[PDB]
Amino acid sequence: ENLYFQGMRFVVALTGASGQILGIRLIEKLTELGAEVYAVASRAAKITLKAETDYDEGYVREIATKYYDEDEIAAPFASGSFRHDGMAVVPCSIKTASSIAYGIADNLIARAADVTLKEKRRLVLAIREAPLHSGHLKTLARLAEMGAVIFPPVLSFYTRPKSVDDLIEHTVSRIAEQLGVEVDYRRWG
Amino acid sequence: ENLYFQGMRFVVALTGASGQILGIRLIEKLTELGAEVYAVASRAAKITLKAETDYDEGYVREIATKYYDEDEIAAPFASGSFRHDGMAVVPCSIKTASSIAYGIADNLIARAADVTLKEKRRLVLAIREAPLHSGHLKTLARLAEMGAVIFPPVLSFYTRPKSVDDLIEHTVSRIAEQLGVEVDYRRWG
Amino acid sequence: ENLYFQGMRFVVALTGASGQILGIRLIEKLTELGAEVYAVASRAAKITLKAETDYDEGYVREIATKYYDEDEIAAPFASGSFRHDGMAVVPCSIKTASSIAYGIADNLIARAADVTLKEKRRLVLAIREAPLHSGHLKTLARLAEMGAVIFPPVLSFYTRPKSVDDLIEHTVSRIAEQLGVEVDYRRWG
Amino acid sequence: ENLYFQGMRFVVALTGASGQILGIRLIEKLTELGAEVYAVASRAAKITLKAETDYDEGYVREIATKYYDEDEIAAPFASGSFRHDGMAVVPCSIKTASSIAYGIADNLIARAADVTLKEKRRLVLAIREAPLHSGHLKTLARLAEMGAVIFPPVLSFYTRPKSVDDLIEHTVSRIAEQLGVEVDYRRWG
Amino acid sequence: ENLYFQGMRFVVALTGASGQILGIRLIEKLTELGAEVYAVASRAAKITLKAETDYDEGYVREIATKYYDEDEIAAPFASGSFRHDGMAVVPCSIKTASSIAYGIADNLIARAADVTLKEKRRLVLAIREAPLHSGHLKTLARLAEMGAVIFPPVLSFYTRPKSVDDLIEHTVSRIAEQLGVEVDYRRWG
Amino acid sequence: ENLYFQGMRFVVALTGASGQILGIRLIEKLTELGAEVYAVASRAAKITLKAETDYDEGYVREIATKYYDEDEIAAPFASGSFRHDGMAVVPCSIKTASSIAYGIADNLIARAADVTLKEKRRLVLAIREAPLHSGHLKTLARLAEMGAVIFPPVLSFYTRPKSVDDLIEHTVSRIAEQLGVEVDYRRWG
Amino acid sequence: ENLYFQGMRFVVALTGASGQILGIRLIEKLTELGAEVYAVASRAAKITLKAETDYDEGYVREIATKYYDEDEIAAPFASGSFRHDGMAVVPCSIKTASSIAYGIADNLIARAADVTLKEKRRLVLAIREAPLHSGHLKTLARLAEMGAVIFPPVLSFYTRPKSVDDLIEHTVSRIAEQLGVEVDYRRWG
Amino acid sequence: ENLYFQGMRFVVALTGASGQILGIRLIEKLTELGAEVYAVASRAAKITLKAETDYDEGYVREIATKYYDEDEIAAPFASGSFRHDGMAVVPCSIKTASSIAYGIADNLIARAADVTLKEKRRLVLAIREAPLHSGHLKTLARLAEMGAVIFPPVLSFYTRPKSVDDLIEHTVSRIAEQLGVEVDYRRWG
Amino acid sequence: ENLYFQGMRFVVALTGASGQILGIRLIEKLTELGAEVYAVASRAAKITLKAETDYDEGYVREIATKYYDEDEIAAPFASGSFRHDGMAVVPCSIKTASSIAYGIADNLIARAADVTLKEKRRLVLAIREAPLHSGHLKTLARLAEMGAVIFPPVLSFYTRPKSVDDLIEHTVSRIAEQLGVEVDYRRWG
Ligand SMILES: Cc1cc2nc3c(=O)[nH]c(=O)nc-3n(C[C@H](O)[C@H](O)[C@H](O)COP(=O)(O)O)c2cc1C
Ligand SMILES: Cc1cc2nc3c(=O)[nH]c(=O)nc-3n(C[C@H](O)[C@H](O)[C@H](O)COP(=O)(O)O)c2cc1C
Ligand SMILES: Cc1cc2nc3c(=O)[nH]c(=O)nc-3n(C[C@H](O)[C@H](O)[C@H](O)COP(=O)(O)O)c2cc1C
Ligand SMILES: Cc1cc2nc3c(=O)[nH]c(=O)nc-3n(C[C@H](O)[C@H](O)[C@H](O)COP(=O)(O)O)c2cc1C
Ligand SMILES: Cc1cc2nc3c(=O)[nH]c(=O)nc-3n(C[C@H](O)[C@H](O)[C@H](O)COP(=O)(O)O)c2cc1C
Ligand SMILES: Cc1cc2nc3c(=O)[nH]c(=O)nc-3n(C[C@H](O)[C@H](O)[C@H](O)COP(=O)(O)O)c2cc1C
Ligand SMILES: Cc1cc2nc3c(=O)[nH]c(=O)nc-3n(C[C@H](O)[C@H](O)[C@H](O)COP(=O)(O)O)c2cc1C
Ligand SMILES: Cc1cc2nc3c(=O)[nH]c(=O)nc-3n(C[C@H](O)[C@H](O)[C@H](O)COP(=O)(O)O)c2cc1C
Ligand SMILES: Cc1cc2nc3c(=O)[nH]c(=O)nc-3n(C[C@H](O)[C@H](O)[C@H](O)COP(=O)(O)O)c2cc1C
């Protein structure tokens, strides 16, 4: 659609929080619109996928432009000299959000996110946990100060959703807008 | 069920964030289990109810034990000497979360929440906004330091939800647990 | 007495905290001593007056030099170019203290207090709440840093009070001293 | 009444702030309701008692379950291994509040309060001073962060008090509620 | 004894700090008193056990109600919806204390502790290191702000210990009291 | 041994925390190795010595090179112009740690420690308390920022201790190493 | 001279820092100019006077308008209701500066200074210590935020001093100017 | 040269940042001068060595006095009781710098560095990343507060370098000076 | 005396604060004891020398080992690779203290001091100003955190000084001790 003309490419990482379908649908949306997606899924994300979905273990690799596991710490986007247009961690665990906040860049996901931030590229973190305690909130404040977009994947009813897929589509569209993507979807305005 | 034997009573306030159904279902759940619910809905919550639901304007007053509008600043739970077992603001707007954080206690909802906090009673805030920027996060950190439970009403898939109502039931059950209620529902453990 | 020779004039505002009699008696004291008092009472202060006293709704307007309601946001002392010798908010609610602290200057009382502070004139806040939680205390610290006098209207027994009016007289005299007024009363020294 | 069935026991300490009668009446109230009270009065509290009351120097020892002077630094509740249900310092001087805040635990009162806090037992401080300056407020914020209840013994008029004893009864009842005591008294609700 | 009547269950985790015997004895104590103990031992804790004790590698699994290794990140208490009465990390390394403080929830121990904290359940950390430098102290302050009990397992002589086992019994009893357990042992009061 | 050749001299102070034997054994160790020890014991330390040991009240004075009581505020090491090689407070109460942190230098122990710090000499504080709450931790952070060594006297099992004296020897040796003393003892390396 | 016409009265306290002559000369200067001086000397100040001067122990009492010892905690200026024009602590120890900063108001000097500050009267602290470490500096910053004048009694040579008394006269004159006194002395302008 | 006479021994760790040659040359320099070097290389450092050099995988083990892999968490210098003269992490990744800062001491390198810091031994971190964002800078500030030397391995031209090896020699010499080594090299003075 | 055997060399800088004689006497003392002194005097220090002394404009250059003016920004000790044993700024103006604190290293004095600090060499700042306001105190706190010794050149009377030169000798001796110099002088101990 409107992402191949400028030839966009995004990093999308899935981590071990509930909501694997959100990252899968975001990858599907971005590639449909003509962007390249470099995808990574952590070991805990693969465990969560099995726990809460019926997706095949290879589906993310199949729909991505290029696929990396989390120990591929020499992947191209582990260096700031590799150009890309934004990274999303969807869904984002506390563990990965915190690893990014504090620089515990011990796998490809945290390192790629740190590289995204240091180069002042867009980073969107769909951080799923509730409640959030004071330590979580201090971590999210630090991430916001570092430039990350903090996007709790909250329930939203103002678009009159009728199915689970309706909720997923709204949240995925909203996350895509944080990457600079001008997605078409049902807005309040 | 297990809330009339100790004769629990809770304050539940609805504010002008998306997710009116979450507060309505929480009231329905708490009263079914035998607790008294003193309910309040802000003017913006009434506007949101009309925008995103088909509920009658009088439904919350009908299902509550006692109902107050937001300008009833002399309601019983506006004083710390009135005993109750916890307050939930569901859904909670940034405006009401921030008013509580900083003491702008200019209506019954913010005052009742401030009274809840100063008496070290339980306060649960189902704060719905995304993204959250650094000012939001500093406000939520302040609320957490004041003792509030910060509960973004996030999408949750580990209970294999099949309908919108499934998601609402999970989130409402989880919020109820933050009030000390031992609700029966589908848990990960 | 000793306030007309220099022709003092003070702003006294009553807000919706318990202790309306403290502000009424402060106005009575300041005018007896020959100062002009520009008075304002909030809507919640009028409600509290009815709840806890037998005072007529017009008494404050009757005893003041000039009277304003809280929506008179163009009153003379809403601008820093109007000269006066100090403002007291007695009693002061958390809502009004916090509105001043954080600049939510949405009525005449909060704006007049902000104007008092920015011009480095004396502002005394008789803040009545107990307990005070950590958010309250951070707000009061901010007000103190901005230059306000923080005067919780505490019980005081060292003057051997024999009636409620004895306690009111001590506290009102002490608040008056924070305005620079050399009131005559029973001191420890 | 409702404190012997669970066999409650509280520590009540009186310090050298005005309002000795508040601590005396709190001890009287707690023992009437069937709790044990372990009482301590500082040397400055004994001086204040003589200055502002006609109480005998031995009255607190007479009404307490067990009495300690402030240099009894080996009293049972100086160790966290001694069980009790809460401590109140009523009235609480700036000196004792600050000693607790900063760990200057140089007498039984400050040590017992520090032990109360480190064991996450309830501590209520009826801190009497006005004005409070920025150093006081930073100290009270620290105490609140450590878990203490900060209860300035403010004038309260919403129960229509007709005598000094009416004010004392309200404030003492409210302080008792901060210890978890379900006292019977005239409430706003 | 007094923990089966309410059917208590606790999480006890052992990490790679010196003092493995403290966690083993805590498990033994809690189960003797009739509580269920869900135990976890990290890989470094197993190494320390071999270095400083003669315990069999399977003893903790034998005495626990249910046993998990640290990579069992889908254990029941990894979700806040699983009910339990408190978690203790005994002994607690700097690595695990810090992982909890900052949200590096990369194994079952840190995740279970984070879940304990976000649900405002009791968490006791028997943090063993000396000296503690300024970074350690900032971490422990953050944990305390998040609600954890910070229990350095210090030498204690006021119970006149005559053997190493006497010291272990005192410290284990004191840690148990931080879980709300009313253990019987030799107290100063 | 290796402390008389450079003619070392240390200040060792005992305060009213449990673990008097730790300070006694540290004095014995330092003098055996040929250093001079200027010792001080607070009044609360003398009370603790009687409570938890069978030591004579004069033993510390007997084993020290020179002995001072805590009110000897003009002792030589109360001035920075007196040269010495380090001070240890063993055991160190919260009261004395906090007095040093905040400058409440009201006896010889706190003043000597403040003089040690301002001259950038070594100060080691064997701070014994558990739990430590957030106020304690903020105090210890301040002390660490001022340059003090923070040494909670924790249980240590990696040297396979078989008696209480084994634990004391390890902890005393470790504290001695913080003074720059190259003590001979059983190390992990 | 120019202090009796408005009938000034000051509190001057001497504490146990070197420079007793500075406080003695300040008292002499203020009374010569016609002000009343209420003087207090701590026990450590009396010890320092004997150590570094030949002054009689009764001289300060002789030259003061009224004299108090430090345990006269009921002196008139221990209450904010007693009027005076400023307090100076000259010389000021770290112990007394810190006691004021943190509210350890355990003698007349610290309490009178706290009362001076809470009433927004002038307080000048001639704080003598060198070096000042980071804890000292944080304390002095807190005092400055509370409104105190921080006056290290530094050597000054721009008035070409020829004797010790010349230095004392300059420093005492400069301290007097911080009390609002328009002393006549040799200025740079 | 001048490091065997006092028999120095250093820990040198290589982590997965660019600049493996800097750590290799530092080891070569320290051993040439007669010090013992205990070396450790992380898994990511071994990957970087292969990516950017032609060094054999066994070279670091060959030139070191003793060699450890990063999972040897029981190596001698993992305990503070093992004596050494300083540790350098050269080059130092953000991941390892941050792990040290925040106490995520999950391998030998981070633990050895934490042990170095808690014993107030010298730690030099040759932290290589650019840009550094605000989270990195807050981490480096924390490390500096903990006592670490923060040494970005910057280009330096004032010694007129003519080859890459000239730059390496300057930077390695400068890092060696931070360990207290008096290396001979071309200085500006 | 005891500074040539190890061949000490110090940087001594004079800035435009009163007390030029303190720096002159420090240079004289250090060279008498056999150290080399590299001296620098700012333009404002030369102006102050003329204003308050009769010293020739060339005296500092005459007594120094090597002399530099403040614009000699390429002097040897402007680089960290030049070895020296400590720097003193005596007397130190607010301008130069603040320039060092905040890195405004725009002349040789501020740069040499910054180089001293970054190499963790000793820096002593004889900061002369009174009063010190909150901005000064925040600056001095920052300098202390950076490792500088903060030495206000305060009047000291405990050595019974009889002349101005007696005071200078005490203060200069004390400053010399902060450089690690074991000067012989009249001490309290
Ligand atoms: C079924 C399941 C669901 C989980 N959901 C969350 C979650 O929603 N949020 C979270 O912070 N952690 C969650 N966790 C725990 C994380 O998976 C765990 O912290 C893991 O170490 C994260 O690692 P990663 O960020 O590298 O994928 C979940 C674990 C499981 C087994
Ligand atoms: C349809 C609709 C949906 C809204 N949803 C949110 C929301 O989800 N979160 C939020 O902070 N504000 C939301 N707002 C804006 C708030 O209603 C607005 O800030 C209002 O002043 C809140 O007032 P209240 O907290 O007193 O109800 C919404 C407004 C409308 C009209
Ligand atoms: C009878 C009554 C007494 C009240 N007392 C207090 C009080 O003492 N302190 C307080 O913060 N709020 C008190 N409130 C709540 C305030 O009136 C409420 O926050 C209001 O919005 C304050 O608005 P105002 O500051 O503009 O007058 C009271 C309310 C009522 C009805
Ligand atoms: C008559 C009298 C009343 C006092 N009232 C107060 C007070 O209300 N608040 C306060 O902080 N100090 C007050 N003080 C001063 C304290 O008694 C003084 O700070 C004392 O050291 C407190 O010690 P304590 O806390 O150990 O009892 C009063 C003193 C006197 C003589
Ligand atoms: C014998 C031995 C004893 C140890 N003792 C401690 C200790 O007391 N405190 C600490 O923080 N680390 C200690 N460590 C290091 C930790 O085991 C190391 O940081 C490890 O990564 C902790 O991981 P864990 O918390 O997941 O068990 C010790 C290591 C060994 C081999
Ligand atoms: C038997 C006994 C043991 C004590 N143990 C401790 C302790 O371990 N830690 C502590 O902070 N205070 C302890 N205290 C309380 C202190 O002794 C008390 O705070 C005292 O004022 C400390 O004063 P000092 O530091 O001047 O010796 C103990 C008191 C007693 C009677
Ligand atoms: C001769 C002598 C001189 C002293 N000089 C100082 C000093 O200059 N600054 C300081 O902080 N303490 C000094 N002290 C220590 C204080 O006197 C000690 O901290 C005392 O407790 C202060 O108590 P005060 O403030 O109540 O007088 C000195 C002590 C002595 C014996
Ligand atoms: C070729 C290569 C070069 C790297 N360079 C750096 C670097 O210069 N700085 C950095 O922080 N991370 C760098 N990384 C990423 C780290 O290796 C990664 O964060 C790793 O987890 C660090 O682990 P370690 O500190 O345990 O060695 C690099 C990775 C690769 C593959
Ligand atoms: C006679 C005289 C004395 C001065 N004394 C001081 C002083 O004691 N403290 C201070 O901060 N500034 C003092 N100043 C002002 C400084 O000289 C001025 O801030 C100057 O810019 C400092 O520059 P420098 O640090 O590079 O020498 C004095 C100025 C003059 C003319």
Side-chain angles (χ1 to χ4, degrees), chain A residues 73-75 78-79 103 105-107 110-111 114-115, chain B residues 73-75 78-79 103 105-107 110-111 114-115, chain C residues 14-19 41-45 47-48 51-52 70 89 91-97 99 107 109-110 127-129 154 156 158 188, chain D residues 14-19 41-45 47-48 51-52 70 89 91-97 99 107 109-110 127-129 154 156 158 188, chain G residues 73-75 78-79 103 105-107 110-111 114-115, chain H residues 14-19 41-45 47-48 51-52 70 89 91-97 99 107 109-110 127-129:
Chain A
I73 67 172
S79 186
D106 68 341
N107 78 353
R111 176 60 181 167
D114 202 34
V115 164
Chain B
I73 67 172
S79 186
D106 68 341
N107 78 353
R111 176 60 181 167
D114 202 34
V115 164
Chain C
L14 279 64
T15 64
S18 189
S42 68
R43 285 176 295 261
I47 292 162
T48 301
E52 66 179 27
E70 63 164 296
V89 189
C92 185
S93 63
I94 293 296
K95 179 275 201 179
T96 282
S99 292
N107 78 353
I109 295 172
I127 294 173
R128 192 237 159 249
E129 187 51 271
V154 287
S156 302
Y158 53 86
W188 177 258
Chain D
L14 279 64
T15 64
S18 189
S42 68
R43 285 176 295 261
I47 292 162
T48 301
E52 66 179 27
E70 63 164 296
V89 189
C92 185
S93 63
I94 293 296
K95 179 275 201 179
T96 282
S99 292
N107 78 353
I109 295 172
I127 294 173
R128 192 237 159 249
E129 187 51 271
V154 287
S156 302
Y158 53 86
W188 177 258
Chain G
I73 67 172
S79 186
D106 68 341
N107 78 353
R111 176 60 181 167
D114 202 34
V115 164
Chain H
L14 279 64
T15 64
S18 189
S42 68
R43 285 176 295 261
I47 292 162
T48 301
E52 66 179 27
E70 63 164 296
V89 189
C92 185
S93 63
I94 293 295
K95 179 275 201 179
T96 282
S99 292
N107 78 353
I109 295 172
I127 294 173
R128 192 237 159 249
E129 187 51 271

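In each ligand, atom 1 is the first atom listed, and ligand 1 is the first ligand listed. Order of the sequence lines sets the chain letters (A, B, ...), proteins ahead of strands, with each chain counted from 1.
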Less than 3.5 Å apart, N/O on ligand 8 and N/O on the protein: could you list those pairs with the distances?
unit_1	atom_1	unit_2	atom_2	d
ligand 8	5 (N)	H:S18	N	3.4
ligand 8	8 (O)	H:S18	N	3.1
ligand 8	8 (O)	H:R128	O	3.4
ligand 8	8 (O)	H:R128	NH1	2.8
ligand 8	9 (N)	H:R128	O	2.8
ligand 8	11 (O)	H:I94	N	2.8
ligand 8	14 (N)	H:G16	O	3.0
ligand 8	17 (O)	H:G16	O	2.5
ligand 8	19 (O)	A:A105	O	2.8
ligand 8	21 (O)	A:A105	O	3.0
ligand 8	25 (O)	H:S93	OG	2.6
ligand 8	25 (O)	H:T96	OG1	2.6
ligand 8	26 (O)	H:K95	NZ	2.8
ligand 8	27 (O)	H:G16	N	2.7
ligand 8	27 (O)	H:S42	OG	2.5

Tell me whether C:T15 contacts the main-chain N or O of C:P91 through its side chain, where contact means a donor paired with an acceptor under 3.5 Å.
yes

Examine the proximity of ligand 4 to C:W188 and report which part, side chain or backbone, both or neither, has a heavy atom under 4.0 Å away.
side chain

Interatomic distance, G:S79 atom OG to G:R111 atom CZ [nearest 0.5 angstrom]
7.0 Å

Suppose we screen for side chain to side chain contact (heavy atoms under 4.5 Å, CB included). Which residues come up paired with H:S18, at least two apart in sequence or across chains?
H:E52, H:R128

Could you grab the distance from atom CD1 of H:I94 to atom CG of A:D114, nearest 0.5 Å is fine?
6.5 Å

Does D:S93 use its side chain to pair, donor to acceptor, with the backbone of D:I127 at less than 3.5 Å?
no

From D:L14 CG over to D:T48 OG1, what is the distance, rounded to the nearest 0.5 angstrom?
9.5 Å

